Structures are given as structure tokens and as C-alpha cells.
Amino acid sequence: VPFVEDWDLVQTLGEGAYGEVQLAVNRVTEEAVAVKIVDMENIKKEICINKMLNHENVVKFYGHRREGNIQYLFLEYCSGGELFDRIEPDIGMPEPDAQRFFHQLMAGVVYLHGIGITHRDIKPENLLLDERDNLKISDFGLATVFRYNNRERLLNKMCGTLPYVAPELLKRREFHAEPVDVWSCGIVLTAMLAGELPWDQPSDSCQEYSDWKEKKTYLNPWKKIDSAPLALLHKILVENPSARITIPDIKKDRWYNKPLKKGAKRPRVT
Ligand SMILES: COC(=O)c1ccc(-c2[nH]nc3c2Cc2cc(CN[C@H]4CC[C@@H](O)CC4)ccc2-3)o1
């Protein structure tokens, strides 16, 4: 009972705008959590969205505490770090690992879309890994409700990260939320398989993007990707968001359902 509420801040996990993420260890139990420290409406929405979240591939929210002009968000600690540091530059990672991470990303995104939430900034920096390398979607600072009382709200706000944003966000005034997150998942899949981003932004003025629309797959990063995951990327990275593949159909794709990876190495004797 005494001192069970005391947490020691032992190391900086992440820094940026606006604030830092610190690893916190409980004085009594030694339980590890991540404390998001935001130096104070945007944070009020983040807390509200985080309270709704309960899924094995979404970073858990334990609660928050306001100490004057500072908000403390208590969130799941993921010891495996970011997916970003598992991607070898210009190489990627083994195809079975990327497939497993992509299945977990799809389970997380299905869950969020199912409760009417769009993340809007899916990228490897935001995809965290637990001790068993289970992928968790993190940072709901740009997230929003796109479906309320079974009525879909079209989005118009410009946000995300240019190499991961869908082309409609740059060409159209209004757009559906769900195909935007599907596109960013395809850029994450491209990053995991080739270890590089295909373009700075998806616009006609961008040569790499024009080459993709012209199906010049003999060029990088596409030439490093096998034909089965590349056929899936041809369905995701579709300019027209109405023709773009939906997640129920991604789950029926040949590469998505290809047996590739063995389960976690279990102790055995002969
Ligand atoms: C903006 O971040 C969040 O909203 C959020 C929610 C939950 C978390 C989180 N839980 N566990 C971690 C996070 C962020 C995070 C980052 C890292 C990578 N940290 C390295 C530490 C040593 C190295 O030298 C620098 C980077 C390792 C673990 C973790 O972050």
C-alpha cells in the first residue's frame, strides 16, 4: 500500500515538439510505463481518444495527471522500441518479419477504423514493439473521429508526414479517412521491404511518383521487392482512393495469406 503511487523517471525514450517521453519505474513494483510530458485542446482530444482505446496492437493508456501547466500521460512502455530501427537502410528486413509486422499493423488499423478513429500519421517512428516484438500503434496526437452515430464525416485537414500521405490529401479539398490510413500502411510496407521511401510526396511534380504510376517497377525501391508483396503494393498505392483496396480485401491478398514465418523459437531438447 505505501509508496505504490511513486514513479521514478529513469531515462528519455523520445524528444520533440511538444515535449518528451520518459521511461517511468514504480518505486514498489518496478513496473515500467512511458510518461508523455506535454508542456501546455490538442492534448484534451489526445487524452479523450486514448481513453477509448483497448486493443493488443494499440499502445495502452493508463491515465493522466495535470500538474499546473504540465500534462503527464501514462502509457504502455514498449521495450522493443520503434519499427523504424528494425529497418536496415536501402535493405529493409526479412520478408517474413515484414509480413508479421504488416498483419499486426492491419489488426490495429481494423480496430481503430471499427470504433471510428483515424490515426492520420502512420509511419515506422509511430509503430512500437513490445518485449515479444508485437507491433503497437502509438501517438494519437493527430488522430480524429471520422465516424460518429454511424455517420461518416469527410476530412479536410492537411496532416501527417509527406512521404506517407495519400495523394488525395494534396489534390482534393475533402476525402474519406480510411483510404488515407491504408495508403500510409502501404508506404510502411514499402519501407520494410526495400529500406527506403519511394518518393518525397505523392504528386505529379515528383518523378519517383510519376515513374510508379507509369509502372516502372524495374527501378528502386520496387526492384528490391518480390512479385507477391509488390502485387499487393500495386493495389494499395492506387491514386484514386475509391479504387484503392480496402482492408477486408487486403486480408484476402495472396502475399498477405502466404505462409512465410515460423512462430517464436520455443525451447526444445532431443
Ligand atoms: C510520442 O510517443 C508517444 O506518444 C508514446 C506512447 C507510448 C510511447 C512509448 N512507449 N515505449 C516507448 C515509447 C517511445 C519509445 C522510444 C524508444 C526509443 N528510445 C531510444 C532510447 C535510447 C537511444 O539512445 C535513443 C532512442 C523506446 C521505447 C519507447 O510513446
Side-chain angles (χ1 to χ4, degrees), residues 7-17 19 21-27 29-40 42-43 45-59 61-65 70-89 93 97 100-101 104-105 107-109 111-113 115 117-145 157 159-165 180-181 184-185 187-188 191-192 195:
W7 301 79
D8 308 301
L9 305 177
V10 299
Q11 70 171 92
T12 297
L13 297 176
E15 273 177 83
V21 180
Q22 289 255 47
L23 168 68
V25 171
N26 189 270
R27 176 179 165 174
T29 66
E30 284 173 69
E31 189 214 337
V33 306
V35 175
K36 192 177 182 160
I37 302 154
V38 181
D39 204 331
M40 221 153 74
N42 184 37
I43 187 65
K45 192 174 186 192
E46 187 176 347
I47 289 157
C48 179
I49 283 162
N50 261 290
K51 285 175 172 177
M52 299 172 68
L53 310 177
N54 185 34
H55 194 266
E56 55 277 11
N57 296 113
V58 179
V59 165
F61 182 69
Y62 303 126
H64 69 106
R65 190 182 59 89
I70 299 154
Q71 278 273 18
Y72 295 92
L73 269 70
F74 317 123
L75 301 136
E76 197 174 349
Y77 170 59
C78 309
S79 56
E82 311 177 349
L83 177 69
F84 181 82
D85 293 306
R86 302 302 178 89
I87 303 170
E88 187 60 39
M93 72 178 65
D97 291 10
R100 177 177 173 277
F101 290 138
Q104 294 181 340
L105 174 56
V109 173
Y111 168 75
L112 294 177
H113 291 179
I115 64 173
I117 296 173
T118 177
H119 184 274
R120 300 203 286 188
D121 198 25
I122 293 161
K123 55 180 175 182
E125 299 89 332
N126 285 337
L127 304 174
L128 307 175
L129 302 176
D130 74 356
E131 58 289 347
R132 286 177 180 176
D133 276 353
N134 287 311
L135 181 147
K136 318 263 178 177
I137 301 171
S138 84
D139 196 356
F140 288 85
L142 300 180
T144 199
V145 179
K157 188 183 168 269
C159 61
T161 304
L162 279 171
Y164 300 91
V165 300
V180 175
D181 287 329
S184 62
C185 290
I187 303 292
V188 170
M192 295 194 286

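Ligands are counted one by one from 1 in listed order, and the atoms in each one are counted from 1 as well. Here, residue 1 is the first one in the sequence, and each next residue gets the next number.
For ligand 1, the atoms closer than 4.0 angstrom to any heavy atom of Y77 are 10 (N), 11 (N).
The shell of residues lying under 4.0 angstrom from ligand 1, judged by heavy atoms, includes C78.
To the nearest 0.5 Å, atom CG of residue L105 and atom CG of residue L135 are 6.0 Å apart.
With 3.5 Å as the limit, one finds a donor-acceptor pair spanning the side chains of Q104 and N134. Side chain to side chain, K123 and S184 fail the donor-acceptor criterion of an N or O pair below 3.5 Å.
Exactly one of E56, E76, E82 qualifies for a salt bridge (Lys or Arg N to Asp or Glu O under 4.0 Å) with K136. That residue is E76.
Compare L13, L73, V59 by their heavy atoms: the one nearest to atom 15 (C) of ligand 1 is in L13. Proximity annotation for atom 6 (C) of ligand 1: of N50, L75, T12, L75 comes nearest, heavy atoms only.
Here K36 has side-chain heavy atoms under 4.0 Å from ligand 1, and that is the only part of it that gets that close. Here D85 has no heavy atoms under 4.0 Å from ligand 1, in either its backbone or its side chain.
Residues passing the salt bridge (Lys or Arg N to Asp or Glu O under 4.0 Å) test with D97, sequence neighbours excluded: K261. Under the rule for a salt bridge (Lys or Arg N to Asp or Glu O under 4.0 Å), the partners of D133 that lie at least two apart in sequence or sit in another chain are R86.
At under 3.5 Å, a nitrogen or oxygen of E76, whether backbone or side chain, sits near a nitrogen or oxygen of ligand 1.
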